[PDB]
Amino acid sequence: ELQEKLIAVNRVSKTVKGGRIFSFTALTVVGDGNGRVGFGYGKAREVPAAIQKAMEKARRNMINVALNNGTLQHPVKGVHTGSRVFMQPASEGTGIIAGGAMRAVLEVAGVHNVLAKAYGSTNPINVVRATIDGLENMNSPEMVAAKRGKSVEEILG
Amino acid sequence: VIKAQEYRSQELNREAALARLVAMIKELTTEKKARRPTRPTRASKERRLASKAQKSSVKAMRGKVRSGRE
């Protein structure tokens, strides 16, 4: 229906003249598990409200993904803000080999079979934006055979 | 053993050798004072404990936050 997996909570500060101001910044990846996926960063002064507010943006910021058989279409890179992420399509058994803050987004986007890696900086927000970048700029044989006026048999061999 | 020949007449040399003997026995029988090794100041001990508490107070709110909701 709608997987809404939290990923991270961080206690940020503001340091106003009287003293510190502790907030909490959630991060939540939501999605159906069939191609619909989005992430909401979300921050507030109390963790319940922060998580809820993050879910709000995650919902209203969904995107589509043209994925095949619950796995990617081709090995794809996802560089974003010094956080490079190399994801790779796998076969029907391998499950989801993804790092932290990437397992969640992949499980919720619905890719069941994948081989991932998180180069560079492994900050949850960056790797999330990076993986979603990758899952967005991905190519599907339909789209490619549409770009190049060609049959799917012609594109795929 | 003293070889006092810095003066001319035996009275001067005898008094001089006795003076060197007195001086050298004085000097080889005075002992240095016993260095009492100090401990750190209580001000420094409390400064240490306060730095400890400050870095701990930071590290407390640092790091991963716990939660009970999903």
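## Brief notes about the UniProt feature "domain: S5 DRBM" (unreviewed entry) in chain A
- As recorded in UniProt, the sites labelled "domain: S5 DRBM" (unreviewed entry) are residues 2-65 of chain A.
- A distance of 15 Å separates the end C-alpha atoms of residues 2-65 of chain A, which is 22% helix and 23% strand.

## Section: the interface of chain A and chain B
- Facing the seven residues of chain A at the interface are five residues of chain B.
- Classifying every residue of the side of chain A that touches chain B by side-chain character gives six nonpolar, no polar and one charged.

## Here's the deal with the domain arrangement of chain A
Residue and element names in this part refer to chain A.
- Splitting chain A by domain gives domain 1 (3-63) and domain 2 (64-148).
- The C-alpha centroid of domain 2 is placed 21 Å from the C-alpha centroid of domain 1.
- Counting residues at the interface gives 16 residues for domain 1 and 16 residues for domain 2.
- Roughly 1,400 Å² is buried in total at the junction of domain 1 and domain 2, and carbon and sulfur atoms are behind 79% of that figure.
- At the junction of domain 1 with domain 2, the criterion picks out zero salt bridges.
- Taken together, domain 1 and domain 2 are joined by four residue pairs in polar contact.
- Looking at the side of domain 1 that touches domain 2, the elements that each hand over two or more residues are β1 (3-6) and β3 (28-31).
- At three residues, the largest contribution of residues to the side of domain 1 that touches domain 2 is made by β3.
- For the side of domain 1 that touches domain 2, a count of residues per class yields eight nonpolar, five polar and three charged.

## Regarding the sheet that holds β3 of chain A
Residue and element names in this part refer to chain A.
- Within the open sheet, the three strands sit side by side as β1-β3-β4. Their pairing is antiparallel. Each edge of the sheet is formed by a strand with only one pairing partner; in this case those strands are β1 and β4 (38-40). Pairs of neighbouring strands in the sheet enclose a mean axial angle of 20 degrees, with direction left out of account.
- As judged from the four bridges shared by β1 and β3, these two strands associate in the antiparallel manner. Residue pairing in the sheet places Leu 6 in a bridge with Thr 28 of β3.
- Each of β1, β3 and β4 touches helix α1 (residues 47-60); the most contacted strand, β3, lies at about 45 degrees to it.

Rules and cut-offs
Summary of conventions: residues on each chain are numbered from 1 in written sequence order, possibly unlike the entry numbering, and any residue without coordinates is omitted from what is shown. Key to labels: chains lettered from A, ligands numbered from 1, both in the order written. Part of a larger assembly is shown, with all reported values restricted to the visible chains. Based on all heavy atoms of the structure, the side-chain values leave hydrogens and waters out of the count. Residues with missing side-chain atoms are left out of burial classes, side-chain pairs and their counts. UniProt positions are given in the numbering used here, feature names are shortened, and annotations may be inferred rather than shown by experiment. A run of DSSP states H or I qualifies as a helix once it reaches four residues; a run of E qualifies as a strand once it reaches two. Both are numbered from the N-terminal end. The criterion used for residue contact is that any of the two residues' heavy atoms lie within 4.5 Å. Only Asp, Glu, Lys and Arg are considered charged, only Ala, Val, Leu, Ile, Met, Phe, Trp, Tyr, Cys and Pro nonpolar, and every remaining residue, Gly among them, polar. Domain delimitation in this document rests on an assignment produced automatically or drawn from a domain database. Buried area: the sum, over both parts, of the accessible surface (1.4 Å probe) that disappears when the two are put together. Any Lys or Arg side-chain nitrogen found within 4 Å of a carboxyl oxygen on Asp or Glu counts as a salt bridge. Residues adjacent in sequence count toward polar contacts only when both atoms are side-chain atoms; beyond that, a polar contact is any pair of N or O atoms within 3.5 Å, and within protein one must be able to donate a hydrogen and the other to accept it. DSSP calls a pair of strands paired once it identifies at least 2 bridges connecting them. Every axis in this analysis is a line fitted to C-alpha atoms, fitted for helices over the stretch in contact. Angles between the N-to-C directions lie between 0 and 180 degrees.

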